[PDB]
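Heads up: the structure comes next, in structure tokens.
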Amino acid sequence: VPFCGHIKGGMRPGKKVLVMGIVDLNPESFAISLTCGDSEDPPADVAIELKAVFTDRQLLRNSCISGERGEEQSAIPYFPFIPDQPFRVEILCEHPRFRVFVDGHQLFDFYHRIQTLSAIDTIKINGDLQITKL
């Protein structure tokens, strides 16, 4: 059962989504996604999915439109999440892309695949973490 939070008005240039939480002691993974609506059984389209996989220390990004996954991106300077450690994730919506910050610094960009930004009105979170803010 994933957490779903509504984002009134959806995304738009300049809007920033903030997620703060604490990684579990022996995490396997977690995901933070912005989606269109919060439907689960017909999964709602995912504009951007941030998936932290601890075994490989990878932070994978992708989208899902009509069930089709896009190109998976993984390039990062370092894996920012540490077991049992607090983290801050901020997703800034810019015209051509989302710019993602972790603990206050830009880590990567994710260019828009789902073009109607206002339809991206849901934040979905699930996995091995405890959400503390937003």
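In this chain, residues are counted from 1 in sequence order.
Between the side chain of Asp128 and the backbone N or O of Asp24 there is no donor-acceptor pair closer than 3.5 Å. Between the side chain of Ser118 and the backbone N or O of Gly9 there is no donor-acceptor pair closer than 3.5 Å. Without hydrogens or angle criteria, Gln115 side chain to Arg113 main chain gives a donor-acceptor distance under 3.5 Å. Formation of a donor-acceptor pair under 3.5 Å by the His6 side chain with backbone atoms of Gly37 is not found in this model. Listed for the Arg99 side chain is no donor-acceptor partner under 3.5 Å among the backbone atoms of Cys93. Side chain of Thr35 to backbone of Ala44: no donor-acceptor contact under 3.5 angstrom is found. Distance alone, capped at 3.5 Å, is enough to place a donor-acceptor pair between the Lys15 side chain and the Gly10 backbone.
Classified by interplanar angle (parallel below 30°, tilted 30° to 60°, perpendicular above 60°), the ring pair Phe54/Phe79 is perpendicular.
Between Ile82 and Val23, the closest side-chain pair of non-hydrogen atoms is not below 4.5 Å.
Taking 4.0 Å as the cut-off between side-chain N and carboxylate O, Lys124 and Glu49 do not count as a salt-bridged pair. Here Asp103 does not pair with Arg88 in a salt bridge; the nearest charged N to carboxylate O distance is not below 4.0 Å.
Counting non-hydrogen atoms of other residues, nucleotides and ligands closer than 6.0 Å to CD of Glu28 gives a total of 12 or fewer. Within 6.0 Å of CZ on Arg69 lie more than 12 heavy atoms contributed by other residues, nucleotides or ligands.
Distance CG/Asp45 to OG/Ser33: 12.0 Å, rounded to 0.5 Å.
A continuous path of ILVMFWY side-chain contacts below 4.5 Å connects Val102 to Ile76, so both sit in one hydrophobic cluster.
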How far apart are the C-alpha atoms of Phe108 and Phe101, what are their side-chain angles, what is the distance that settles it, and do they pass the ring pair (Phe, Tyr, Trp, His ring centres under 6.0 Å) test? CA-CA 7 Å; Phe108 59 79; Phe101 304 85; 9.7 Å; no
